[PDB]
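Visitor: Before anything else, here's the structure in question.
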Amino acid sequence: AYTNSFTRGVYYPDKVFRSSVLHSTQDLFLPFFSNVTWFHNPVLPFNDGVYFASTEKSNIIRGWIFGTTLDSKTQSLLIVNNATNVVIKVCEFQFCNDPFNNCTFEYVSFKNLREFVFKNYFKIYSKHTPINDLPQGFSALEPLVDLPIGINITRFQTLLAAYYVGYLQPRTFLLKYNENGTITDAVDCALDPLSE
Amino acid sequence: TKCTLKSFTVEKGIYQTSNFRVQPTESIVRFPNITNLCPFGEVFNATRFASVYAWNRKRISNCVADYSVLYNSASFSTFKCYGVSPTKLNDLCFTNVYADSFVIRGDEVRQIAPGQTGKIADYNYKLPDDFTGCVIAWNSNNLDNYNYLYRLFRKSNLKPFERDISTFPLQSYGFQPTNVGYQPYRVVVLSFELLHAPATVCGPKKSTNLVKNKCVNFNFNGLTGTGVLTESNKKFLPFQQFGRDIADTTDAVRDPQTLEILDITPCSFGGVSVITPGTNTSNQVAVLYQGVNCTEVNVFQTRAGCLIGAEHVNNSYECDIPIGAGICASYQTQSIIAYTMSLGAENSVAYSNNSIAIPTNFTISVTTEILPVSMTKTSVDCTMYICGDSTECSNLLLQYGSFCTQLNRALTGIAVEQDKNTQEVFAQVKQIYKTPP
Amino acid sequence: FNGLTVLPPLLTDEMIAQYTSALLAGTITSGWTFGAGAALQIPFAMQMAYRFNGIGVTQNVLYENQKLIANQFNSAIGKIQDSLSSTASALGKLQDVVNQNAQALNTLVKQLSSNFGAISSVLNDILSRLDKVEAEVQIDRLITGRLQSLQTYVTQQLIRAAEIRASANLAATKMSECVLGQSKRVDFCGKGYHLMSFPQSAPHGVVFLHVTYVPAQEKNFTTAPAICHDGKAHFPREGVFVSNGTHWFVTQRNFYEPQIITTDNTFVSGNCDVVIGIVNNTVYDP
Amino acid sequence: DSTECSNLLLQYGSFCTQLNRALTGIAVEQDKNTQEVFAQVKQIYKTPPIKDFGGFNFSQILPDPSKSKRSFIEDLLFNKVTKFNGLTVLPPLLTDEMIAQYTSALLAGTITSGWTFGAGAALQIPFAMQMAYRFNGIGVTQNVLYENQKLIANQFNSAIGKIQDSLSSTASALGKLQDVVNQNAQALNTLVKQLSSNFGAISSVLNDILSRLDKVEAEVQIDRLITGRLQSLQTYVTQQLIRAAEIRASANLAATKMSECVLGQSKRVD
Ligand SMILES: *[C@@H]1O[C@H](CO)[C@@H](O[C@@H]2O[C@H](CO)[C@@H](O)[C@H](O)[C@H]2NC(C)=O)[C@H](O)[C@H]1NC(C)=O
Ligand SMILES: *[C@@H]1O[C@H](CO)[C@@H](O[C@@H]2O[C@H](CO)[C@@H](O)[C@H](O)[C@H]2NC(C)=O)[C@H](O)[C@H]1NC(C)=O
Ligand SMILES: *[C@@H]1O[C@H](CO)[C@@H](O[C@@H]2O[C@H](CO)[C@@H](O)[C@H](O)[C@H]2NC(C)=O)[C@H](O)[C@H]1NC(C)=O
Ligand SMILES: *[C@@H]1O[C@H](CO)[C@@H](O[C@@H]2O[C@H](CO)[C@@H](O)[C@H](O)[C@H]2NC(C)=O)[C@H](O)[C@H]1NC(C)=O
Ligand SMILES: *[C@@H]1O[C@H](CO)[C@@H](O)[C@H](O)[C@H]1NC(C)=O
Ligand SMILES: *[C@@H]1O[C@H](CO)[C@@H](O)[C@H](O)[C@H]1NC(C)=O
Ligand SMILES: *[C@@H]1O[C@H](CO)[C@@H](O)[C@H](O)[C@H]1NC(C)=O
Ligand SMILES: *[C@@H]1O[C@H](CO)[C@@H](O)[C@H](O)[C@H]1NC(C)=O
Ligand SMILES: *[C@@H]1O[C@H](CO)[C@@H](O)[C@H](O)[C@H]1NC(C)=O
Ligand SMILES: *[C@@H]1O[C@H](CO)[C@@H](O)[C@H](O)[C@H]1NC(C)=O
Ligand SMILES: *[C@@H]1O[C@H](CO)[C@@H](O)[C@H](O)[C@H]1NC(C)=O
Ligand SMILES: *[C@@H]1O[C@H](CO)[C@@H](O)[C@H](O)[C@H]1NC(C)=O
Ligand SMILES: *[C@@H]1O[C@H](CO)[C@@H](O)[C@H](O)[C@H]1NC(C)=O
Ligand SMILES: *[C@@H]1O[C@H](CO)[C@@H](O)[C@H](O)[C@H]1NC(C)=O
Ligand SMILES: *[C@@H]1O[C@H](CO)[C@@H](O)[C@H](O)[C@H]1NC(C)=O
Ligand SMILES: *[C@@H]1O[C@H](CO)[C@@H](O)[C@H](O)[C@H]1NC(C)=O
């Protein structure tokens, strides 16, 4: 299935504090009027970079495989999470059937609408938010991870609530930073003549 | 003032001469308080060094060092470095680093960078184009074979710091682990990454005191600047480390050791002007520091900044010399005074709903209005000016094309226009007229 | 003289002196008329009488002060000779324009001696020192410097020439309206109500001698916006009503000369009641 | 303020001083513009205490001393209208306070004495007697004022009210001055943003080059930065000079409007 989610999946571009100002920027971003595919396990392309969201509280969604081959035998990225205690690796994996080599990198850190973004080397941004098919609300994602991991990230698949997917593009954007340097609003500079 | 204006006498006036600046009392260095030393021991005495077609690498992190200290080693034979300003090794903190290690022929120590006469770099050890580093090498006997190998060819150069893992022409020279040009040379390269971030692997400096409220030069990891380290009244985002003004210049820094958000006040500039009578009339001068507070500079304060050597006065006068913000100055019983200027004399007008005044007499008031009506009719040739009309230069001036013609023409336009201005002014009589005797 | 040059004017210093003499001769001997077309000769005593009417001071006032005005005019002319005999800084603008020309050219010459990252600023050194293999690089920097300096200088000259041209239009305008005419426009001929002005030339410039009328001594009076005489209100034809404190007069707006208020100097305008501050009087009828 | 850069700025001789001299010429021209617009009479005139102006009510255009003692209407003007390094604002000689004094003096003469304070010192006259002359200066006979006096005062007082409403409701006219502020702000922030332009150098920040390069290399790039920043500075100053010529035309026009339209009555139609 599908939904135009419009405006979610923005992320903070830099460590630069600013305030009460209409700053401008250029990066791999989710194009606005964001018609995401809706899922309710499959393997997907990564394209320009991934935007992902899970509406969850049963927490049946667990993480993702990323990279090239995904299913063991040679290096590909894997992430699994619970809030922010994340455990991340690139190995030739193995999997638990019903839990309900070459690790050149390994590390340990509906109502929860948890949003995630992945791009180049590699970076990850994320945000937990409360709610009570992705709704046309607002978010901005913190740049929580930096990743000299070198995996040829071209494919991905969720590991296991409901979830939704879109792809970035290199686009120009404009941002309304506030009294505490929070991005309170944004404009896609190629969405329509008004946004331009 | 005489030196600025180029005269052994300067007229009565105010003259800017300079800009005063509060000098930085400190130069500062800070970063998070690093707790380890660069792990060279994982590489520079490793029992195996790889065949360079599959070169070894390990990360270096959490470190403070002089990167020249590897010249102190007993076992290393050489320690060469790449061409991009190599003394900068010990400047601002590095943010990610590696030690890269392998075996080659000893003549190939020069080949550990792309664009050389190299067999090693572009098909095995390819550096990214502005990546930073040095090559440290010895014959293998200084640590620990024909199984050491390098690759002769590929259809094009391989990826920067990447290995094209595949099932391929390889060679070895006179190699034994007990054996310059055909000896197996054990190499370690130090590779330093370009990413702008807080500290990981720093020069021989340390985190000094966070000296607040002084005008200072500073660095925070690599965020260099100069200003007063005033504390902020502002909140960053948790991952933001510094901030920028409406002017986009750095407004603020977090202490790289703490949530101490500092918002910088500029190290105070102040446009220096001399107020003077004609220098023939006095050598006494009064000195204005535009916009400063009377602080780290008779003395007096104005809305236009701090003032020195003028003496403050309450009485208002016509503005003999201006200072700004309504302040003016004069030289009188003598010394330079300074005062809030007269707006002319005050006059409470004798108004009423039946009050009038009518002039009983008048002055004819024959008064000069000066007007300029031309420049000097200047003219120039670009060729004679730029080149002295020298042929060897004029050739090159013609490669810049119509600039000559349009400039020479523009001034010709002005020159024609001067006699135009002159006739538009004076030639309003077409005749000439002769006065009576 | 160093590849920089100055062209002469077409109208040289003494030609300008004849041209200004023609303007001034027309101004003395024919008033404003020589601007319009024919320089119709007019006695200068009839000319300042017209300039008086052009400030609303009636021309009888001129002749009833004729020589006394001349003494003030001649005295003011003398004080202008004194002012200029002392005050070099009276010519501030012209000396400043000359100084800005000189500063621009001297700066342009100093920039001949500027290096712009060349090994020298004497071009001949490079030509004496190097093959074109390198001299083209050095000469390119020096050209780039001298050329940017020219573009800069020429821009200053052009912007300054636009100020000069605005000033010249303003001057031409004052020569049209304030010389070949009288400006009714207040302060367009400087302080005072304007009568007439005279041109005098200067190096690259002009001076106007503005003969403005300025009112001086004054007397203090009661006044009213109108008077009644028949329950009809009455009003002045020109000038304004005043009383010294015992008798009402009409007087002209810019010089105290009282007249008995009469049908000869007033108009009726209906009943009094509409007016705030109208006063009783007796108006005479000749 | 870098010495290593200043050593290379010296290759280009006079330009830094020439720009500062041009900007000084501009700065003098600003005080001169202000002086020659506002200071057209060499006196302050005090307002009378009694407001016996034949029914006309200047209370919104005149000072209130409880306020800087601006008028009512001037507060609308200051309210509706809206960067620190190398760049400097300099104060006017005539502060906004002194300008309020001078505009009050102008206005006090313009109320109490008509045009006369433009020629001599002020000679006072009743305000309705001044307006009867202003009627005479549009070929409308003096009695036409008095035959409608209180009604004309009501039209005027009401029009002053509608002016306050228009100015309170919208900045629509003040856009013409917010435009100058904006042009300055744009030019100044452009001039700052140009410090962050590379001009083909390996960095835009001079201190970054001085941190990144040893001087034999650094010169090669710093020459680019200097040339670019300088060319931009000259460009900016040229914008400011052309804008200063525009503002000078505006100031002479304004001074002329003050000389003819305040201190007098310009018959020059529209
Ligand atoms: C107008 O003022 C002038 C001075 O500005 C008066 O001039 C004097 O006139 C008398 C004769 O009337 C002479 O004896 C004096 O020597 C003059 N003094 C000067 C300084 O010139 C003139 O009288 C005044 N006229 C009127 C009508 O008030
Ligand atoms: C107002 O002006 C009138 C006319 O000049 C003055 O009245 C004259 O005063 C003189 C001296 O007292 C007498 O010789 C005349 O006969 C008076 N003329 C008339 C028509 O009465 C009057 O004195 C002046 N008042 C003031 C206050 O100056
Ligand atoms: C002008 O003088 C006339 C008299 O000549 C004044 O008119 C009198 O005014 C009073 C009070 O309003 C009435 O009681 C009388 O009946 C009026 N008499 C006549 C003959 O009209 C008039 O008030 C005076 N006005 C001024 C402003 O002085
Ligand atoms: C003169 O005009 C002012 C306003 O332009 C009048 O002041 C107002 O007076 C009323 C009471 O009459 C107050 O409620 C308002 O608050 C006042 N305005 C302001 C801005 O405060 C003044 O009354 C008028 N006076 C005359 C004689 O016309
Ligand atoms: C989203 O895209 C699909 C095709 O990719 C389209 O069929 C669907 O109608 C779109 N939905 C919305 C809400 O735009
Ligand atoms: C990365 O791996 C994929 C397989 O997942 C491969 O198809 C692709 O060609 C590789 N990437 C690039 C940039 O070629
Ligand atoms: C480990 O590395 C080799 C290359 O050295 C690769 O071919 C293989 O697929 C990897 N094996 C596993 C189990 O990840
Ligand atoms: C958090 O996430 C990973 C994946 O589920 C898990 O290995 C880790 O143990 C979790 N943290 C805690 C505290 O259990
Ligand atoms: C900024 O943070 C403070 C608490 O530190 C909060 O009171 C305020 O509402 C915040 N403002 C915005 C716009 O985030
Ligand atoms: C710096 O040192 C102090 C004392 O050890 C410590 O509290 C602080 O967290 C350190 N800061 C960083 C970020 O290293
Ligand atoms: C390796 O050992 C030799 C001395 O045997 C010494 O010169 C060299 O610096 C050592 N390097 C490290 C990292 O241990
Ligand atoms: C110096 O200037 C004063 C006026 O300020 C003047 O009186 C004096 O004659 C001058 N002296 C010389 C030697 O220039
Ligand atoms: C100077 O600094 C003091 C600090 O208390 C302040 O009160 C004063 O207003 C300042 N004056 C100016 C003109 O900056
Ligand atoms: C100015 O006048 C005030 C009182 O109005 C007095 O306190 C002060 O000392 C005077 N200062 C000078 C410089 O005369
Ligand atoms: C008029 O006379 C009064 C008498 O008190 C005086 O105050 C006022 O200043 C005088 N005005 C003129 C213009 O003479
Ligand atoms: C002038 O005003 C006062 C009140 O201020 C009034 O009593 C007097 O009658 C008025 N006179 C005129 C001529 O308007």
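Labels used: A, B, ... for chains in the order of the structure tokens, numbers from 1 for residues in each chain, and numbers from 1 for ligands as shown.
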Around ligand 1, out to 12 Å and counting only C-alpha atoms and all ligand atoms, which residues are there? I want them as a VMD selection string.

Guide: (chain B and resid 359 to 365) or (chain C and resid 61 to 62 64 to 76 214 to 219 255 to 257)

Visitor: Find the residues in chain B near chain C: any atom within 8 Å counts, using only C-alpha atoms. Write them as a short mmCIF file (atom, residue, chain, number, x, y, z; two decimals) with N, CA, C and O atoms, in the first residue's frame.

Guide:
data_model
loop_
_atom_site.label_atom_id
_atom_site.label_comp_id
_atom_site.auth_asym_id
_atom_site.auth_seq_id
_atom_site.Cartn_x
_atom_site.Cartn_y
_atom_site.Cartn_z
N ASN B 353 -2.64 83.52 19.07
CA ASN B 353 -3.79 83.78 18.21
C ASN B 353 -4.07 85.27 17.88
O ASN B 353 -5.13 85.59 17.33
N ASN B 354 -3.17 86.21 18.17
CA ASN B 354 -3.22 87.59 17.66
C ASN B 354 -1.84 88.27 17.56
O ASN B 354 -1.76 89.50 17.54
N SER B 355 -0.75 87.50 17.52
CA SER B 355 0.62 88.00 17.60
C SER B 355 1.29 88.04 16.23
O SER B 355 1.30 87.02 15.54
N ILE B 356 1.91 89.16 15.85
CA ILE B 356 2.68 89.23 14.61
C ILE B 356 3.95 90.09 14.71
O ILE B 356 4.01 91.07 15.46
N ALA B 357 4.96 89.76 13.90
CA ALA B 357 6.12 90.61 13.68
C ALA B 357 6.37 90.86 12.18
O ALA B 357 6.21 89.96 11.37
N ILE B 358 6.77 92.08 11.81
CA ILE B 358 7.00 92.48 10.41
C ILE B 358 8.35 93.20 10.31
O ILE B 358 8.60 94.09 11.13
N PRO B 359 9.23 92.87 9.34
CA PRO B 359 10.55 93.47 9.26
C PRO B 359 10.43 94.96 8.99
O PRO B 359 9.86 95.34 7.99
N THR B 360 10.99 95.83 9.82
CA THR B 360 11.10 97.26 9.54
C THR B 360 12.27 97.58 8.61
O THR B 360 12.32 98.68 8.05
N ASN B 361 13.21 96.65 8.44
CA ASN B 361 14.41 96.85 7.63
C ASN B 361 14.98 95.52 7.12
O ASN B 361 14.59 94.44 7.58
N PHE B 362 15.92 95.58 6.20
CA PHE B 362 16.51 94.43 5.53
C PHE B 362 17.99 94.66 5.23
O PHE B 362 18.45 95.79 5.12
N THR B 363 18.71 93.57 5.04
CA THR B 363 20.06 93.54 4.50
C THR B 363 20.02 92.90 3.13
O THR B 363 19.48 91.80 3.00
N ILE B 364 20.62 93.51 2.12
CA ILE B 364 21.05 92.75 0.95
C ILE B 364 22.26 91.90 1.33
O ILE B 364 23.16 92.39 2.01
N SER B 365 22.28 90.64 0.94
CA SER B 365 23.16 89.65 1.54
C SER B 365 23.99 88.92 0.50
O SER B 365 23.91 87.70 0.36
N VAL B 366 24.79 89.69 -0.25
CA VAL B 366 25.62 89.20 -1.36
C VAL B 366 26.48 88.03 -0.91
O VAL B 366 27.44 88.22 -0.18
N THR B 367 26.13 86.81 -1.30
CA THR B 367 26.72 85.60 -0.71
C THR B 367 27.15 84.59 -1.75
O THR B 367 26.43 84.27 -2.69
N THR B 368 28.35 84.07 -1.55
CA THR B 368 29.00 83.12 -2.45
C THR B 368 28.29 81.78 -2.44
O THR B 368 28.21 81.14 -1.39
N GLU B 369 27.89 81.28 -3.60
CA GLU B 369 27.73 79.85 -3.81
C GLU B 369 28.80 79.34 -4.77
O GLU B 369 28.80 79.60 -5.96
N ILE B 370 29.72 78.56 -4.21
CA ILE B 370 30.73 77.85 -4.97
C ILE B 370 30.09 76.64 -5.63
O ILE B 370 29.44 75.85 -4.94
N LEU B 371 30.31 76.43 -6.93
CA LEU B 371 29.95 75.21 -7.64
C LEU B 371 31.09 74.74 -8.54
O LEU B 371 31.58 75.52 -9.36
N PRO B 372 31.51 73.47 -8.50
CA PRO B 372 32.38 72.93 -9.52
C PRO B 372 31.58 72.71 -10.81
O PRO B 372 30.39 72.45 -10.75
N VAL B 373 32.22 72.83 -11.98
CA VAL B 373 31.55 72.76 -13.29
C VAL B 373 32.25 71.82 -14.25
O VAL B 373 31.62 71.29 -15.16
N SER B 374 33.52 71.54 -14.04
CA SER B 374 34.19 70.45 -14.71
C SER B 374 35.18 69.79 -13.77
O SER B 374 35.63 70.38 -12.79
N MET B 375 35.57 68.57 -14.08
CA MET B 375 36.88 68.08 -13.67
C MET B 375 37.98 68.89 -14.36
O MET B 375 37.74 69.75 -15.20
N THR B 376 39.22 68.54 -14.05
CA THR B 376 40.32 68.70 -15.01
C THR B 376 40.00 67.81 -16.22
O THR B 376 39.65 66.65 -16.00
N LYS B 377 40.15 68.27 -17.47
CA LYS B 377 39.98 67.40 -18.66
C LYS B 377 41.12 66.39 -18.78
O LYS B 377 42.03 66.52 -19.60
N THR B 378 41.11 65.41 -17.91
CA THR B 378 42.12 64.36 -17.89
C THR B 378 41.93 63.45 -19.08
O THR B 378 40.81 63.29 -19.56
N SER B 379 42.99 62.82 -19.56
CA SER B 379 42.89 61.73 -20.51
C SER B 379 44.05 60.75 -20.33
O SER B 379 45.12 61.12 -19.85
N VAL B 380 43.84 59.50 -20.71
CA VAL B 380 44.82 58.43 -20.56
C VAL B 380 44.72 57.48 -21.74
O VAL B 380 43.64 57.27 -22.28
N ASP B 381 45.84 56.87 -22.10
CA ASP B 381 45.84 55.66 -22.91
C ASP B 381 46.23 54.49 -22.02
O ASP B 381 47.33 54.49 -21.46
N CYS B 382 45.38 53.48 -21.96
CA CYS B 382 45.70 52.20 -21.34
C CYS B 382 47.08 51.68 -21.77
O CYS B 382 47.84 51.19 -20.95
N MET B 384 49.85 53.37 -23.11
CA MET B 384 50.90 54.21 -22.57
C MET B 384 50.98 54.12 -21.04
O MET B 384 52.07 54.09 -20.49
N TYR B 385 49.85 54.04 -20.35
CA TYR B 385 49.82 53.90 -18.90
C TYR B 385 50.29 52.52 -18.45
O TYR B 385 51.27 52.40 -17.71
N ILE B 386 49.62 51.47 -18.90
CA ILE B 386 49.89 50.10 -18.49
C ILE B 386 51.25 49.67 -19.01
O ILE B 386 52.07 49.17 -18.24
N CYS B 387 51.50 49.86 -20.30
CA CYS B 387 52.64 49.31 -21.01
C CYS B 387 53.76 50.31 -21.34
O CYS B 387 54.77 49.90 -21.91
N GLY B 388 53.60 51.62 -21.11
CA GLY B 388 54.52 52.60 -21.72
C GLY B 388 54.52 52.55 -23.25
O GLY B 388 55.51 52.91 -23.89
N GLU B 392 56.04 44.44 -26.40
CA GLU B 392 56.00 43.17 -25.70
C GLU B 392 54.87 43.10 -24.68
O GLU B 392 54.25 42.04 -24.51
N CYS B 393 54.55 44.22 -24.04
CA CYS B 393 53.39 44.34 -23.16
C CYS B 393 52.09 44.54 -23.94
O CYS B 393 51.10 43.85 -23.67
N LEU B 396 50.04 41.57 -25.01
CA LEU B 396 49.30 40.93 -23.93
C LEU B 396 48.08 41.76 -23.55
O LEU B 396 47.02 41.20 -23.28
N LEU B 397 48.19 43.09 -23.60
CA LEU B 397 47.07 43.98 -23.34
C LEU B 397 45.95 43.82 -24.38
O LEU B 397 44.77 43.87 -24.04
N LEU B 407 37.76 51.94 -21.85
CA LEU B 407 38.27 52.84 -20.82
C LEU B 407 38.74 54.14 -21.46
O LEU B 407 38.31 55.23 -21.06
N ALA B 410 35.68 55.88 -22.49
CA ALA B 410 34.92 56.40 -21.37
C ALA B 410 35.48 57.75 -20.93
O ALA B 410 34.75 58.74 -20.86
N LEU B 411 36.80 57.82 -20.74
CA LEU B 411 37.48 59.07 -20.40
C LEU B 411 37.37 60.10 -21.51
O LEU B 411 37.21 61.28 -21.24
N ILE B 414 34.03 61.53 -20.94
CA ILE B 414 34.17 62.55 -19.89
C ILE B 414 34.77 63.82 -20.46
O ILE B 414 34.26 64.91 -20.19
N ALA B 415 35.83 63.72 -21.24
CA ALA B 415 36.54 64.87 -21.76
C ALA B 415 35.65 65.72 -22.67
O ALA B 415 35.59 66.93 -22.51
N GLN B 418 33.13 67.51 -20.50
CA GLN B 418 33.52 68.69 -19.74
C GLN B 418 33.18 69.97 -20.48
O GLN B 418 32.54 70.87 -19.92
N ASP B 419 33.54 70.07 -21.75
CA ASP B 419 33.12 71.21 -22.56
C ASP B 419 31.60 71.22 -22.76
O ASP B 419 31.01 72.30 -22.86
N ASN B 421 29.40 70.28 -20.25
CA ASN B 421 29.03 70.87 -18.97
C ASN B 421 29.26 72.37 -18.98
O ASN B 421 28.40 73.17 -18.62
N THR B 422 30.42 72.75 -19.49
CA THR B 422 30.86 74.13 -19.58
C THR B 422 29.91 74.95 -20.44
O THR B 422 29.57 76.07 -20.08
N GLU B 424 26.68 73.99 -21.37
CA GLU B 424 25.39 73.87 -20.70
C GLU B 424 25.28 74.91 -19.59
O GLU B 424 24.21 75.51 -19.41
N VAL B 425 26.37 75.17 -18.87
CA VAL B 425 26.46 76.25 -17.89
C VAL B 425 26.58 77.60 -18.59
O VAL B 425 25.64 78.40 -18.55
N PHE B 426 27.71 77.89 -19.24
CA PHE B 426 28.03 79.24 -19.68
C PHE B 426 27.39 79.62 -21.02
O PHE B 426 26.95 80.75 -21.21
N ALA B 427 27.33 78.71 -21.98
CA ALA B 427 26.90 79.01 -23.35
C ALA B 427 25.39 79.23 -23.49
O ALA B 427 24.87 79.33 -24.60
N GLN B 428 24.67 79.39 -22.37
CA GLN B 428 23.28 79.82 -22.32
C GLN B 428 23.05 81.19 -22.98
O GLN B 428 21.93 81.49 -23.38
N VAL B 429 24.11 81.99 -23.18
CA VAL B 429 24.08 83.11 -24.13
C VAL B 429 24.81 82.72 -25.41
O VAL B 429 25.98 82.31 -25.38
N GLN B 431 25.14 84.72 -28.30
CA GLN B 431 26.00 85.87 -28.53
C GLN B 431 27.14 85.96 -27.51
O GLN B 431 27.19 85.22 -26.53
N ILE B 432 28.00 86.95 -27.70
CA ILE B 432 28.82 87.54 -26.64
C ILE B 432 28.35 88.98 -26.46
O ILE B 432 27.91 89.60 -27.42
N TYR B 433 28.43 89.51 -25.25
CA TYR B 433 28.01 90.88 -24.98
C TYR B 433 29.12 91.73 -24.39
O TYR B 433 29.91 91.27 -23.56
N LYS B 434 29.14 92.98 -24.84
CA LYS B 434 30.11 93.99 -24.45
C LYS B 434 29.41 95.07 -23.63
O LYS B 434 28.38 95.61 -24.05
N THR B 435 29.95 95.32 -22.45
CA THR B 435 29.46 96.34 -21.52
C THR B 435 29.72 97.75 -22.04
O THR B 435 30.72 97.97 -22.73
#

Visitor: Would you list which chain D residues are within 8 Å of chain B using only C-alpha atoms, as a ChimeraX atom specification?

Guide: /D:42-48,50,52-54,83,85,90-95,98,102,109,112,122-127,189,192-193,207,211-214,217

Visitor: Write out the residues from the selection above, keeping C-alpha atoms, as a PDB file, in the first residue's frame.

Guide:
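File written: again04.pdb
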ATOM      1  CA  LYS D  42      20.589  78.079  12.500  1.00  0.00           C
ATOM      2  CA  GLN D  43      18.196  78.137  15.527  1.00  0.00           C
ATOM      3  CA  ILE D  44      16.041  75.878  17.655  1.00  0.00           C
ATOM      4  CA  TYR D  45      12.531  77.295  17.925  1.00  0.00           C
ATOM      5  CA  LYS D  46      10.612  76.491  21.125  1.00  0.00           C
ATOM      6  CA  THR D  47       6.945  75.547  20.748  1.00  0.00           C
ATOM      7  CA  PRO D  48       4.537  77.880  22.554  1.00  0.00           C
ATOM      8  CA  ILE D  50      -0.705  77.558  24.504  1.00  0.00           C
ATOM      9  CA  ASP D  52      -4.242  78.464  20.172  1.00  0.00           C
ATOM     10  CA  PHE D  53      -3.880  77.420  16.474  1.00  0.00           C
ATOM     11  CA  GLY D  54      -7.341  78.558  15.256  1.00  0.00           C
ATOM     12  CA  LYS D  83      27.236  42.671  10.496  1.00  0.00           C
ATOM     13  CA  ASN D  85      33.153  42.724  12.168  1.00  0.00           C
ATOM     14  CA  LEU D  90      29.077  55.055  12.668  1.00  0.00           C
ATOM     15  CA  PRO D  91      26.563  57.289  14.483  1.00  0.00           C
ATOM     16  CA  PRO D  92      25.244  60.428  12.780  1.00  0.00           C
ATOM     17  CA  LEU D  93      26.426  63.728  14.137  1.00  0.00           C
ATOM     18  CA  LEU D  94      22.722  64.585  14.359  1.00  0.00           C
ATOM     19  CA  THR D  95      21.333  61.829  16.630  1.00  0.00           C
ATOM     20  CA  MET D  98      18.772  66.029  17.868  1.00  0.00           C
ATOM     21  CA  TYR D 102      15.502  70.030  14.699  1.00  0.00           C
ATOM     22  CA  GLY D 109       8.722  77.806  12.804  1.00  0.00           C
ATOM     23  CA  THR D 112       4.287  79.844  14.319  1.00  0.00           C
ATOM     24  CA  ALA D 122      11.202  83.486  12.440  1.00  0.00           C
ATOM     25  CA  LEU D 123       8.601  86.298  12.454  1.00  0.00           C
ATOM     26  CA  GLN D 124       5.481  84.909  14.118  1.00  0.00           C
ATOM     27  CA  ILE D 125       1.885  85.056  12.775  1.00  0.00           C
ATOM     28  CA  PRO D 126      -1.428  83.311  13.865  1.00  0.00           C
ATOM     29  CA  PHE D 127      -1.759  79.854  12.261  1.00  0.00           C
ATOM     30  CA  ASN D 189      25.506  40.593   4.630  1.00  0.00           C
ATOM     31  CA  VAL D 192      30.153  39.274   4.873  1.00  0.00           C
ATOM     32  CA  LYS D 193      28.982  36.164   2.961  1.00  0.00           C
ATOM     33  CA  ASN D 207      42.574  31.677   8.977  1.00  0.00           C
ATOM     34  CA  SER D 211      46.071  26.827   9.474  1.00  0.00           C
ATOM     35  CA  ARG D 212      46.253  24.531   6.354  1.00  0.00           C
ATOM     36  CA  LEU D 213      49.273  25.861   4.411  1.00  0.00           C
ATOM     37  CA  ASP D 214      52.924  26.757   4.939  1.00  0.00           C
ATOM     38  CA  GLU D 217      52.142  27.529  -0.664  1.00  0.00           C
TER      39      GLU D 217
END

Visitor: Might you pull out every residue within 9 Å of residue 198 of chain B, with only C-alpha atoms counted and same-chain residues fewer than 3 positions away left off, and present them as a PDB file with C-alpha atoms, in the first residue's frame?

Guide:
ATOM      1  CA  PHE B  31      39.431  19.691  23.117  1.00  0.00           C
ATOM      2  CA  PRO B  32      37.864  16.851  25.235  1.00  0.00           C
ATOM      3  CA  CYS B  93      43.496  18.013  16.145  1.00  0.00           C
ATOM      4  CA  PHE B  94      43.018  15.055  13.722  1.00  0.00           C
ATOM      5  CA  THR B  95      39.513  13.497  13.759  1.00  0.00           C
ATOM      6  CA  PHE B 220      38.460  24.397  20.061  1.00  0.00           C
ATOM      7  CA  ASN B 221      39.615  21.082  18.512  1.00  0.00           C
ATOM      8  CA  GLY B 222      40.027  22.865  15.151  1.00  0.00           C
ATOM      9  CA  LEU B 223      37.523  25.768  15.595  1.00  0.00           C
ATOM     10  CA  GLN B 241      29.090  22.084  19.396  1.00  0.00           C
ATOM     11  CA  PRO B 256      34.905  20.906  24.153  1.00  0.00           C
TER      12      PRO B 256
END
